[PDB]
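Everything below concerns the one structure shown next.
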């Protein structure tokens with residue numbers, strides 16, 4: 001149908017906008033602390049602590065599968081990255097501190113993306 005195509009063009013454009021949002025968020029992690037999944041070879045007890053792991057490569061795979069239906073789902077994944085880190089790592093660690101800075105710096109980017117998504121429909 002012509003409607004299914006119009007919907008698909010909207011998802012494609014959302015994916016395009018979320019890709020730019022992801023790139024801007026990932027720039028706020030220059031140490032690449034959140035780039036890849038926590039290694040289960042190197043932290044073998046991780047899943048006993050963290051039930052829903054997340055990281056930027058895993059978000060990118062979902063994005064390119066057009067697996068994000070709205071910005072809320074995207075934000076949920078970003079929030080997982082931060083919140084998992086802030087639980088597993090203690091306050092006085094480079095990892096915790098990196099998450100705090102990512103949260104604070106990302107807020108600005110997510111604030112505007114929410115306006116753009118509402119604005120452009």
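How many of the residues in region 105-121 are surrounded by fewer than 16 Cβ atoms within 10 Å (Cβ to Cβ) and either without any contact (Cβ under 8 Å) to a residue 24 or more places away in the chain or closer than 20 Å to residue 11 by Cα (or both)?
Going through region 105-121 one residue at a time, the tally reaches 11.
When you go through (1) surrounded by 12 or more Cβ atoms within 10 Å (Cβ to Cβ); (2) out of contact with any helix residue (DSSP H, G or I) (no Cβ under 7 Å at 6 or more places or on another chain); (3) more than 16 Å from residue 29 (Cβ to Cβ) one by one for residue 69, which number turns out not to apply?
Result: residue 69 fails condition (1) only.
Take the residues in region 65-93 that are over 23 Å from residue 104 (Cβ atoms) and free of Cβ contacts under 8 Å to residues at least 12 places away in the same chain, then tell me which one is farthest from the chain's Cα centre (by Cα).
The selected residue is 65.
Would you confirm whether any residue within region 87-104 is surrounded by 13 or more Cβ atoms within 10 Å (Cβ to Cβ) and under 28 Å from residue 8 (Cβ atoms)?
No, because not a single residue in region 87-104 is surrounded by 13 or more Cβ atoms within 10 Å (Cβ to Cβ) and under 28 Å from residue 8 (Cβ atoms).
Filter region 1-53 for residues that are over 14 Å from residue 77 (Cα atoms), touching a helix residue (DSSP H, G or I) at 6+ places or on another chain (Cβ under 9 Å), touching a residue at least 60 places away in the same chain (Cβ under 8 Å) and surrounded by 12 or more Cβ atoms within 10 Å (Cβ to Cβ) and give the result.
14, 17, 24, 28, 29, 33
Note: ideal-geometry Cβ built from the backbone for every residue, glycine included; neighbour counts use all protein chains shown. Every number here is computed from the coordinates shown, using simple stated rules; none is lab data.
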